[PDB]
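Asker: You'll find entry36.csv just under this line, and it carries CSV, N, CA and C atoms.
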chain,number,residue,atom,x,y,z
A,1,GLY,N,6.8,57.1,-83.3
A,1,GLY,CA,6.7,55.9,-84.1
A,1,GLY,C,5.3,55.3,-84.0
A,2,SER,N,4.3,56.1,-84.4
A,2,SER,CA,2.9,55.7,-84.3
A,2,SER,C,2.5,55.1,-85.7
A,3,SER,N,2.2,53.8,-85.7
A,3,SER,CA,1.9,53.1,-86.9
A,3,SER,C,0.3,52.9,-87.0
A,4,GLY,N,-0.2,52.4,-85.8
A,4,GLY,CA,-1.6,52.2,-85.8
A,4,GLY,C,-2.0,51.1,-84.8
A,5,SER,N,-2.9,50.2,-85.2
A,5,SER,CA,-3.3,49.1,-84.3
A,5,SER,C,-2.1,48.1,-84.0
A,6,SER,N,-2.0,47.8,-82.8
A,6,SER,CA,-0.9,46.8,-82.4
A,6,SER,C,-1.5,45.6,-81.7
A,7,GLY,N,-1.7,44.6,-82.6
A,7,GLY,CA,-2.3,43.3,-82.1
A,7,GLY,C,-3.4,43.5,-81.1
A,8,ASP,N,-4.6,43.9,-81.6
A,8,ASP,CA,-5.7,44.2,-80.7
A,8,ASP,C,-6.0,42.9,-79.9
A,9,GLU,N,-5.9,41.7,-80.5
A,9,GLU,CA,-6.2,40.5,-79.8
A,9,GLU,C,-5.7,40.5,-78.4
A,10,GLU,N,-4.5,41.1,-78.3
A,10,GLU,CA,-3.9,41.2,-76.9
A,10,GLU,C,-4.6,42.1,-76.0
A,11,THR,N,-5.0,43.3,-76.6
A,11,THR,CA,-5.7,44.3,-75.8
A,11,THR,C,-7.0,43.7,-75.2
A,12,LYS,N,-7.7,42.9,-76.0
A,12,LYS,CA,-8.9,42.3,-75.5
A,12,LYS,C,-8.6,41.4,-74.2
A,13,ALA,N,-7.8,40.4,-74.4
A,13,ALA,CA,-7.4,39.5,-73.3
A,13,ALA,C,-7.1,40.3,-72.0
A,14,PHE,N,-6.5,41.5,-72.2
A,14,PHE,CA,-6.2,42.4,-71.1
A,14,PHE,C,-7.4,43.0,-70.5
A,15,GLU,N,-8.4,43.4,-71.4
A,15,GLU,CA,-9.6,44.1,-70.9
A,15,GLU,C,-10.4,43.1,-70.0
A,16,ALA,N,-10.2,41.8,-70.2
A,16,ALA,CA,-10.9,40.8,-69.5
A,16,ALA,C,-10.1,40.3,-68.3
A,17,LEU,N,-8.8,40.1,-68.6
A,17,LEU,CA,-7.9,39.6,-67.5
A,17,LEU,C,-7.7,40.6,-66.5
A,18,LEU,N,-7.4,41.8,-66.9
A,18,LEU,CA,-7.2,42.9,-65.9
A,18,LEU,C,-8.4,43.2,-65.1
A,19,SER,N,-9.6,42.8,-65.6
A,19,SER,CA,-10.9,42.9,-64.9
A,19,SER,C,-11.4,41.6,-64.4
A,20,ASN,N,-10.4,40.7,-64.0
A,20,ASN,CA,-10.8,39.4,-63.5
A,20,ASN,C,-10.1,39.2,-62.1
A,21,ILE,N,-9.9,40.3,-61.4
A,21,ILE,CA,-9.3,40.2,-60.1
A,21,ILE,C,-10.3,40.1,-59.0
A,22,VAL,N,-9.9,40.2,-57.8
A,22,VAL,CA,-10.8,40.1,-56.6
A,22,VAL,C,-10.7,41.3,-55.8
A,23,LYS,N,-11.8,41.8,-55.2
A,23,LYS,CA,-11.9,43.0,-54.4
A,23,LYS,C,-10.8,42.9,-53.3
A,24,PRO,N,-10.2,44.1,-53.0
A,24,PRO,CA,-9.1,44.2,-52.0
A,24,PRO,C,-9.7,44.0,-50.6
A,25,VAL,N,-9.0,43.3,-49.8
A,25,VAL,CA,-9.4,43.0,-48.4
A,25,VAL,C,-8.7,44.0,-47.5
A,26,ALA,N,-9.4,44.5,-46.5
A,26,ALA,CA,-8.8,45.4,-45.5
A,26,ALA,C,-8.5,44.7,-44.2
A,27,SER,N,-7.2,44.9,-43.7
A,27,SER,CA,-6.8,44.2,-42.5
A,27,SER,C,-6.0,45.2,-41.7
A,28,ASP,N,-5.6,44.8,-40.5
A,28,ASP,CA,-4.8,45.6,-39.6
A,28,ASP,C,-5.2,47.1,-39.7
A,29,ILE,N,-6.5,47.3,-39.9
A,29,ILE,CA,-7.0,48.6,-40.1
A,29,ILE,C,-6.7,49.5,-38.9
A,30,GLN,N,-6.2,50.7,-39.1
A,30,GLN,CA,-5.8,51.6,-38.1
A,30,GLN,C,-6.5,53.0,-38.2
A,31,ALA,N,-6.2,53.9,-37.4
A,31,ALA,CA,-6.8,55.3,-37.4
A,31,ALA,C,-7.0,55.7,-38.8
A,32,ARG,N,-6.0,56.0,-39.5
A,32,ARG,CA,-6.1,56.5,-40.9
A,32,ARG,C,-5.4,55.5,-41.9
A,33,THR,N,-4.4,54.7,-41.3
A,33,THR,CA,-3.7,53.7,-42.1
A,33,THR,C,-4.4,52.4,-42.0
A,34,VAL,N,-4.2,51.6,-43.1
A,34,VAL,CA,-4.8,50.2,-43.2
A,34,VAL,C,-4.0,49.3,-44.1
A,35,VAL,N,-4.2,48.0,-43.9
A,35,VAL,CA,-3.5,47.1,-44.7
A,35,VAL,C,-4.4,46.4,-45.8
A,36,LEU,N,-4.3,46.9,-47.0
A,36,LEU,CA,-5.1,46.4,-48.1
A,36,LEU,C,-4.4,45.3,-48.9
A,37,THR,N,-4.9,44.1,-48.9
A,37,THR,CA,-4.3,43.0,-49.6
A,37,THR,C,-5.3,42.4,-50.6
A,38,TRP,N,-4.8,42.3,-51.9
A,38,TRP,CA,-5.6,41.8,-53.0
A,38,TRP,C,-4.8,40.8,-53.8
A,39,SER,N,-5.5,39.9,-54.5
A,39,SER,CA,-4.9,38.9,-55.3
A,39,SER,C,-5.0,39.3,-56.8
A,40,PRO,N,-4.0,38.8,-57.6
A,40,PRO,CA,-4.0,39.1,-59.0
A,40,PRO,C,-5.1,38.5,-59.8
A,41,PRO,N,-5.3,39.0,-61.0
A,41,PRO,CA,-6.4,38.5,-61.9
A,41,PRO,C,-6.2,37.1,-62.4
A,42,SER,N,-7.3,36.4,-62.7
A,42,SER,CA,-7.2,35.0,-63.2
A,42,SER,C,-7.2,35.0,-64.7
A,43,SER,N,-6.2,34.4,-65.3
A,43,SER,CA,-6.1,34.3,-66.8
A,43,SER,C,-7.0,33.3,-67.3
A,44,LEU,N,-7.9,33.6,-68.3
A,44,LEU,CA,-8.8,32.7,-68.9
A,44,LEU,C,-8.3,32.2,-70.2
A,45,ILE,N,-7.0,32.4,-70.4
A,45,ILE,CA,-6.4,31.9,-71.7
A,45,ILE,C,-6.6,30.4,-71.9
A,46,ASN,N,-7.0,29.7,-70.8
A,46,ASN,CA,-7.2,28.3,-70.9
A,46,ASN,C,-5.9,27.5,-71.0
A,47,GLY,N,-4.8,28.1,-70.6
A,47,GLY,CA,-3.5,27.5,-70.7
A,47,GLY,C,-3.0,27.6,-72.1
A,48,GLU,N,-3.8,28.0,-73.0
A,48,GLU,CA,-3.3,28.1,-74.4
A,48,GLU,C,-2.0,28.7,-74.5
A,49,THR,N,-1.6,29.5,-73.5
A,49,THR,CA,-0.3,30.1,-73.4
A,49,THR,C,0.5,29.7,-72.2
A,50,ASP,N,1.8,29.8,-72.3
A,50,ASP,CA,2.7,29.4,-71.2
A,50,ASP,C,2.2,30.0,-69.9
A,51,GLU,N,2.8,29.5,-68.8
A,51,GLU,CA,2.4,30.0,-67.5
A,51,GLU,C,3.3,31.1,-67.0
A,52,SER,N,4.6,31.0,-67.4
A,52,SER,CA,5.6,32.0,-67.0
A,52,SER,C,5.7,33.1,-68.0
A,53,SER,N,4.5,33.5,-68.5
A,53,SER,CA,4.5,34.5,-69.6
A,53,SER,C,3.7,35.7,-69.1
A,54,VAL,N,2.5,35.5,-68.6
A,54,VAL,CA,1.6,36.5,-68.2
A,54,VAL,C,2.4,37.5,-67.2
A,55,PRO,N,2.2,38.8,-67.4
A,55,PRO,CA,2.8,39.8,-66.6
A,55,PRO,C,2.3,39.9,-65.2
A,56,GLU,N,3.1,40.3,-64.2
A,56,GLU,CA,2.7,40.4,-62.8
A,56,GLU,C,2.8,41.8,-62.3
A,57,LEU,N,3.0,42.7,-63.2
A,57,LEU,CA,3.1,44.2,-62.9
A,57,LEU,C,1.8,44.9,-63.1
A,58,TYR,N,0.7,44.2,-63.1
A,58,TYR,CA,-0.6,44.8,-63.3
A,58,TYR,C,-0.8,46.0,-62.4
A,59,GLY,N,-0.7,47.2,-62.9
A,59,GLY,CA,-0.8,48.4,-62.2
A,59,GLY,C,-2.1,48.4,-61.4
A,60,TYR,N,-2.1,48.2,-60.1
A,60,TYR,CA,-3.3,48.2,-59.3
A,60,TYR,C,-3.5,49.6,-58.6
A,61,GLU,N,-4.7,50.2,-58.8
A,61,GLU,CA,-5.0,51.4,-58.2
A,61,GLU,C,-6.1,51.3,-57.2
A,62,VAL,N,-5.8,51.8,-56.0
A,62,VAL,CA,-6.8,51.8,-54.9
A,62,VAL,C,-7.7,53.0,-54.9
A,63,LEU,N,-9.0,52.7,-55.0
A,63,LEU,CA,-10.0,53.8,-55.0
A,63,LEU,C,-10.8,53.8,-53.7
A,64,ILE,N,-11.2,55.0,-53.3
A,64,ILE,CA,-12.0,55.1,-52.0
A,64,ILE,C,-12.9,56.3,-52.1
A,65,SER,N,-14.1,56.1,-51.5
A,65,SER,CA,-15.1,57.2,-51.5
A,65,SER,C,-15.6,57.5,-50.1
A,66,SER,N,-14.8,58.2,-49.4
A,66,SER,CA,-15.1,58.6,-48.0
A,66,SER,C,-16.6,58.9,-47.9
A,67,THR,N,-17.2,59.4,-49.0
A,67,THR,CA,-18.6,59.7,-49.0
A,67,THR,C,-19.5,58.4,-49.1
A,68,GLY,N,-19.3,57.7,-50.2
A,68,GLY,CA,-20.0,56.5,-50.5
A,68,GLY,C,-19.7,55.9,-51.9
A,69,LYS,N,-20.1,54.7,-52.1
A,69,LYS,CA,-19.9,54.0,-53.3
A,69,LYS,C,-20.7,54.6,-54.4
A,70,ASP,N,-21.7,55.4,-54.1
A,70,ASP,CA,-22.6,56.0,-55.0
A,70,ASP,C,-22.2,57.5,-55.2
A,71,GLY,N,-20.9,57.8,-55.1
A,71,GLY,CA,-20.5,59.2,-55.3
A,71,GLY,C,-19.3,59.4,-56.1
A,72,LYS,N,-18.2,59.8,-55.6
A,72,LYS,CA,-16.9,60.0,-56.3
A,72,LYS,C,-15.8,59.2,-55.7
A,73,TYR,N,-14.9,58.6,-56.5
A,73,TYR,CA,-13.8,57.8,-56.0
A,73,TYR,C,-12.5,58.6,-56.2
A,74,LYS,N,-11.6,58.5,-55.2
A,74,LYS,CA,-10.4,59.2,-55.2
A,74,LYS,C,-9.2,58.2,-55.1
A,75,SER,N,-8.1,58.6,-55.7
A,75,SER,CA,-6.9,57.7,-55.8
A,75,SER,C,-6.0,57.9,-54.5
A,76,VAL,N,-5.7,56.9,-53.8
A,76,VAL,CA,-4.8,57.0,-52.7
A,76,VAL,C,-3.4,56.4,-52.9
A,77,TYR,N,-3.4,55.3,-53.7
A,77,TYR,CA,-2.1,54.7,-54.0
A,77,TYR,C,-2.2,54.1,-55.4
A,78,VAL,N,-1.0,53.8,-56.0
A,78,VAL,CA,-0.9,53.2,-57.3
A,78,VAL,C,0.5,52.5,-57.5
A,79,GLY,N,0.4,51.2,-57.7
A,79,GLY,CA,1.7,50.5,-57.9
A,79,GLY,C,1.4,49.1,-58.5
A,80,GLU,N,2.4,48.3,-58.5
A,80,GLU,CA,2.3,46.9,-59.0
A,80,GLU,C,2.1,45.9,-58.0
A,81,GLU,N,2.7,46.1,-56.8
A,81,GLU,CA,2.6,45.2,-55.7
A,81,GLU,C,1.2,44.8,-55.4
A,82,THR,N,1.0,43.8,-54.6
A,82,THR,CA,-0.4,43.3,-54.3
A,82,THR,C,-0.9,43.8,-53.0
A,83,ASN,N,0.1,44.0,-52.0
A,83,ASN,CA,-0.3,44.5,-50.7
A,83,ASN,C,0.3,45.9,-50.5
A,84,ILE,N,-0.6,46.8,-50.1
A,84,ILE,CA,-0.2,48.2,-49.8
A,84,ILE,C,-0.9,48.8,-48.7
A,85,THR,N,-0.3,49.8,-48.0
A,85,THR,CA,-0.9,50.5,-46.9
A,85,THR,C,-1.5,51.9,-47.3
A,86,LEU,N,-2.7,52.1,-46.9
A,86,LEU,CA,-3.3,53.4,-47.3
A,86,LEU,C,-3.0,54.5,-46.3
A,87,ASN,N,-3.1,55.8,-46.7
A,87,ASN,CA,-2.8,56.9,-45.8
A,87,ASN,C,-3.6,58.1,-46.1
A,88,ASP,N,-3.6,59.1,-45.2
A,88,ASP,CA,-4.4,60.3,-45.4
A,88,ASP,C,-5.9,60.0,-45.4
A,89,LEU,N,-6.3,59.0,-44.6
A,89,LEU,CA,-7.7,58.6,-44.5
A,89,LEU,C,-8.4,59.3,-43.3
A,90,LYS,N,-9.6,59.0,-43.1
A,90,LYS,CA,-10.4,59.6,-42.0
A,90,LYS,C,-10.8,58.6,-41.0
A,91,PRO,N,-10.4,58.8,-39.7
A,91,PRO,CA,-10.6,57.9,-38.6
A,91,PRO,C,-12.1,57.9,-38.2
A,92,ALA,N,-12.5,56.9,-37.5
A,92,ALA,CA,-13.9,56.8,-37.1
A,92,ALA,C,-14.9,57.0,-38.2
A,93,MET,N,-14.5,56.5,-39.4
A,93,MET,CA,-15.4,56.6,-40.6
A,93,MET,C,-15.6,55.3,-41.2
A,94,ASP,N,-16.5,55.2,-42.2
A,94,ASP,CA,-16.8,54.0,-42.9
A,94,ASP,C,-17.0,54.3,-44.4
A,95,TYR,N,-16.2,53.8,-45.2
A,95,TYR,CA,-16.3,54.0,-46.7
A,95,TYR,C,-15.9,52.7,-47.4
A,96,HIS,N,-16.2,52.7,-48.7
A,96,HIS,CA,-15.9,51.5,-49.6
A,96,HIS,C,-14.6,51.7,-50.4
A,97,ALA,N,-14.0,50.6,-50.8
A,97,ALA,CA,-12.7,50.6,-51.6
A,97,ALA,C,-12.8,49.7,-52.7
A,98,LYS,N,-11.9,49.9,-53.7
A,98,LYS,CA,-11.8,49.0,-54.9
A,98,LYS,C,-10.4,49.1,-55.5
A,99,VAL,N,-10.1,48.0,-56.2
A,99,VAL,CA,-8.8,47.9,-56.9
A,99,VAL,C,-8.9,47.7,-58.4
A,100,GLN,N,-8.4,48.6,-59.2
A,100,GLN,CA,-8.5,48.4,-60.6
A,100,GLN,C,-7.1,48.0,-61.2
A,101,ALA,N,-7.1,47.1,-62.2
A,101,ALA,CA,-5.9,46.7,-62.8
A,101,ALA,C,-5.7,47.4,-64.2
A,102,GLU,N,-4.5,47.8,-64.5
A,102,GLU,CA,-4.2,48.4,-65.7
A,102,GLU,C,-2.8,48.0,-66.2
A,103,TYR,N,-2.7,47.5,-67.5
A,103,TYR,CA,-1.5,47.1,-68.1
A,103,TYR,C,-1.4,47.4,-69.5
A,104,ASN,N,-0.3,47.9,-70.0
A,104,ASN,CA,-0.2,48.2,-71.4
A,104,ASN,C,-1.1,49.3,-71.9
A,105,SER,N,-1.3,50.3,-71.0
A,105,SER,CA,-2.2,51.4,-71.3
A,105,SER,C,-3.7,50.9,-71.4
A,106,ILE,N,-3.9,49.7,-70.8
A,106,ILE,CA,-5.3,49.2,-70.8
A,106,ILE,C,-5.9,49.1,-69.4
A,107,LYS,N,-6.8,50.1,-69.2
A,107,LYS,CA,-7.5,50.2,-67.9
A,107,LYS,C,-8.7,49.3,-67.9
A,108,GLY,N,-8.8,48.3,-67.0
A,108,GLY,CA,-9.9,47.4,-66.9
A,108,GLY,C,-10.9,47.8,-65.9
A,109,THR,N,-11.9,47.0,-65.6
A,109,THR,CA,-12.9,47.3,-64.6
A,109,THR,C,-12.5,46.9,-63.2
A,110,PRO,N,-12.8,47.8,-62.2
A,110,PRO,CA,-12.4,47.5,-60.8
A,110,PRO,C,-13.3,46.4,-60.2
A,111,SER,N,-12.8,45.8,-59.2
A,111,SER,CA,-13.5,44.7,-58.5
A,111,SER,C,-14.6,45.2,-57.6
A,112,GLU,N,-15.2,44.3,-56.9
A,112,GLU,CA,-16.3,44.7,-56.0
A,112,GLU,C,-15.8,45.7,-54.9
A,113,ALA,N,-16.7,46.4,-54.3
A,113,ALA,CA,-16.4,47.3,-53.2
A,113,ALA,C,-16.2,46.7,-51.9
A,114,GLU,N,-15.2,47.2,-51.1
A,114,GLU,CA,-14.9,46.6,-49.8
A,114,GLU,C,-15.0,47.6,-48.7
A,115,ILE,N,-16.1,47.6,-48.0
A,115,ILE,CA,-16.4,48.6,-46.9
A,115,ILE,C,-15.6,48.2,-45.7
A,116,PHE,N,-14.8,49.1,-45.1
A,116,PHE,CA,-14.1,48.9,-43.9
A,116,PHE,C,-14.1,50.1,-43.0
A,117,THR,N,-14.3,49.9,-41.7
A,117,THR,CA,-14.4,51.0,-40.8
A,117,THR,C,-13.0,51.2,-40.1
A,118,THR,N,-12.6,52.4,-40.0
A,118,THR,CA,-11.3,52.7,-39.3
A,118,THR,C,-11.5,53.2,-37.9
A,119,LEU,N,-10.5,52.9,-37.0
A,119,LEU,CA,-10.6,53.3,-35.6
A,119,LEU,C,-10.5,54.9,-35.5
A,120,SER,N,-10.6,55.3,-34.3
A,120,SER,CA,-10.5,56.8,-34.0
A,120,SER,C,-9.0,57.2,-33.7
A,121,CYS,N,-8.7,58.4,-33.9
A,121,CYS,CA,-7.4,58.9,-33.7
A,121,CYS,C,-6.8,58.3,-32.4
A,122,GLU,N,-7.6,58.2,-31.4
A,122,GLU,CA,-7.2,57.6,-30.1
A,122,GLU,C,-7.4,56.1,-30.1
A,123,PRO,N,-6.7,55.4,-29.2
A,123,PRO,CA,-6.9,53.9,-29.1
A,123,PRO,C,-8.2,53.5,-28.5
A,124,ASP,N,-9.2,53.3,-29.3
A,124,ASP,CA,-10.5,52.9,-28.9
A,124,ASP,C,-10.8,51.4,-29.1
A,125,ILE,N,-10.8,51.0,-30.4
A,125,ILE,CA,-11.0,49.6,-30.7
A,125,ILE,C,-10.2,48.6,-29.8
A,126,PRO,N,-11.0,47.8,-29.1
A,126,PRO,CA,-10.4,46.8,-28.2
A,126,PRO,C,-9.5,45.7,-28.9
A,127,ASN,N,-10.1,45.1,-29.9
A,127,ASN,CA,-9.5,44.1,-30.7
A,127,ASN,C,-10.0,44.0,-32.1
A,128,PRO,N,-9.1,43.6,-33.0
A,128,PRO,CA,-9.4,43.5,-34.5
A,128,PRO,C,-10.5,42.4,-34.7
A,129,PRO,N,-11.1,42.4,-35.9
A,129,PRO,CA,-12.1,41.5,-36.3
A,129,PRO,C,-11.5,40.1,-36.6
A,130,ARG,N,-10.2,40.0,-36.5
A,130,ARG,CA,-9.5,38.7,-36.7
A,130,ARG,C,-10.3,37.6,-36.1
A,131,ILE,N,-10.4,36.5,-36.8
A,131,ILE,CA,-11.1,35.3,-36.3
A,131,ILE,C,-10.2,34.1,-36.1
A,132,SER,N,-10.1,33.6,-34.9
A,132,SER,CA,-9.3,32.5,-34.5
A,132,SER,C,-10.0,31.1,-34.6
A,133,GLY,N,-10.2,30.7,-35.8
A,133,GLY,CA,-10.9,29.4,-36.0
A,133,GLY,C,-12.4,29.5,-35.7
A,134,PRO,N,-13.2,28.4,-36.0
A,134,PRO,CA,-14.6,28.4,-35.7
A,134,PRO,C,-14.9,28.3,-34.2
A,135,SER,N,-16.2,28.4,-33.9
A,135,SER,CA,-16.6,28.3,-32.5
A,135,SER,C,-18.1,27.9,-32.4
A,136,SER,N,-18.3,26.8,-31.7
A,136,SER,CA,-19.7,26.3,-31.5
A,136,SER,C,-20.6,27.4,-31.0
A,137,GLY,N,-21.7,27.6,-31.7
A,137,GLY,CA,-22.7,28.6,-31.3
A,137,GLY,C,-22.1,30.0,-31.4
Output the file's structure in the form of structure tokens.
Answerer:
Amino acid sequence: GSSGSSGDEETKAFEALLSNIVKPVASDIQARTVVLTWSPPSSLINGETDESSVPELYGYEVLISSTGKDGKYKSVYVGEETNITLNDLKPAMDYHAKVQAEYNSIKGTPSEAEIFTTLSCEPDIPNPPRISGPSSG
């Protein structure tokens, strides 16, 4: 049932909205597994449209370049959820990551890169980078 153009106006808003998210943050980083948490894109519709309308299934894809941000990116996971755990990674390594949004067959631009270092197969890291409030000096 291919007719042709289907309300392009919508496609545009998606090209910008889907590309209006924030770089994924790395937490509870482990040997090869890690906790990647990212927030949804910000709608610039200006409220012109209802609030309980915008979709929340923005297919987010996690990209990583064990080599570097100036090389090739590989897919590790792909879903709608916001928080996901990575796997099949390399311990004692340092690479960048990014999350791209895609909805209605519309692939937008990924967010900034998030460099995160993983621990070694064995229990080395003493404690996580977690910060417990500010500290004088």
Asker: List the neighbours of region 20-25 of chain A out to 7 Å using only N, CA and C atoms; skip same-chain residues closer than 4 positions along the sequence, and give me the result as a ChimeraX atom specification.
Answerer: /A:15-16,35-43,97-99,109-114
Asker: DSSP says helix (DSSP H, G or I) for which residues of region 12-126 of chain A? Put them as a PyMOL selection string?
Answerer: chain A and resi 12-17
Asker: Give me the residues within 6.5 Å of region 52-60 of chain A as a list in words, counting all atoms listed in the file and dropping any in the same chain fewer than 5 places off.
Answerer: residues 77, 78, 79, 80, 81, 99, 100, 101, 102 and 103 of chain A
Asker: With a distance cut-off of 7 Å and only C-alpha atoms, select the neighbouring residues of residue 33 (chain A), excluding the residue or stretch itself and same-chain residues fewer than 2 positions from it, and output the selection as a list in words.
Answerer: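 Residues near the query, excluding close chain neighbours: residues 29, 30, 31, 85, 86, 87 and 89 of chain A.
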Asker: What separation in Å, quoted to one decimal, exists between CA of residue 11 (chain A) and CA of residue 48 (chain A)?
Answerer: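 Computed distance, CA of residue 11 (chain A) to CA of residue 48 (chain A), equals 16.4 Å.
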Asker: When you count only N, CA and C atoms, which of these residues is closest to residue 17 (chain A): A:125, A:92, A:108, A:5?
Answerer: A:108
Asker: If I take atom C of residue 84 (chain A) and atom C of residue 34 (chain A), how far is one from the other in Å, to one decimal?
Answerer: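 Spanning atom C of residue 84 (chain A) to atom C of residue 34 (chain A) is a straight-line distance of 5.6 Å.
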Asker: Can you tell me how far CA of residue 105 (chain A) sits from atom N of residue 64 (chain A), in Å to one decimal?
Answerer: 20.4 Å
Asker: Write out as a VMD selection string all residues of region 33-117 of chain A that DSSP puts in strand (DSSP E or B) for this structure's backbone.
Answerer: chain A and resid 34 to 37 59 to 64 74 to 79 83 to 86 94 to 95 97 to 103 106 to 107 116 to 117
Asker: Nearest to residue 118 (chain A) among A:50, A:9, A:94, A:88, with distances taken over all atoms listed in the file: which residue is it?
Answerer: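 Closest to residue 118 (chain A) of all the choices is A:94.
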Asker: Between A:47, A:95, A:83, A:26, which has the minimum distance to residue 69 (chain A) (counting only N, CA and C atoms)?
Answerer: A:95
